[PDB]
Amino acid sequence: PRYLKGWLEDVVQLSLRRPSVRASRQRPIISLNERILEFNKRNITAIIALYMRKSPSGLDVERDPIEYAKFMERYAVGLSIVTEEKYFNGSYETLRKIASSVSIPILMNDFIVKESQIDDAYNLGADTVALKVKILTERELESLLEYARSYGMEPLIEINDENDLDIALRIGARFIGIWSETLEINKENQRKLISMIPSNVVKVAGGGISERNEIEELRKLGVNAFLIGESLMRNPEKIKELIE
């Protein structure tokens, strides 16, 4: 990993020692980036609903993950399940139960630093994974990207600054997420990063979306899909208004 100090270093050291799983996924991959493009083609707002048991930086919203996932199956383009175990109180088993309970694409949202975590995501039923540029060197990123692709997964490459975006574009990312959810989002940085991405890359924006107008303005800048957590975590049926 990159030079890291503090909380990210602790998360990365934990990830390096995370036990790999022995399980077999029972269904093929349902492509998240391809589904987003199909929603775009049909003028259907594409929202990836985020699920996390604990919000380290916000208030926790405790709710049943299965109840949440089955309801989202009807509306979301996909689900993003936070599996980081110590600070987000995630669980590979939660990911597995959700992936075997619904038929929409599932993204495993964690801090990936070793190939076996991609193996874990795949074996548990996830359809893709997020790769965070901020904890990886350029060479690690290119290697993990190819490793994910060898399973048939186009990972979501997460960036929050221009330096990381350049790295993502240089290694050939085709699915990019832009974000650093109750606090104030730096809209200028987000719009700047979006403007630097080629139109053929599927772009996902996240931040504090809670209103249809916010989504409409981002759509006008070319954003393909939206990652929404807190607002849906609190009131899941708000997604009906957001895609109306």
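One rule holds for the numbers: they count along the sequence shown, beginning at 1.
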Deposited residues absent from the coordinates between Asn40 and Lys41, none, 1 to 3, 4 to 9, or 10 or more? none
Test of understanding: from the entry's C-alpha B-factors, which stretch has the higher mean, 77-85 or 169-177? 169-177
As the entry reports it, the stretch among 31-39 and 62-70 with higher mean C-alpha B factor is 62-70
Can you tell me which third, lowest, middle or highest, the CA B-factor of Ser20 falls into for its chain? middle
On the chain's distribution of Cα B-factors, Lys192 falls within the third called middle
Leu8 - which third its CA temperature factor falls in, relative to the rest of the chain: middle
Sorting the chain's CA B-factors, does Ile44 end up in the lowest, middle or highest third? middle
Lowest, middle or highest third of the chain for the C-alpha temperature factor of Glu154? lowest
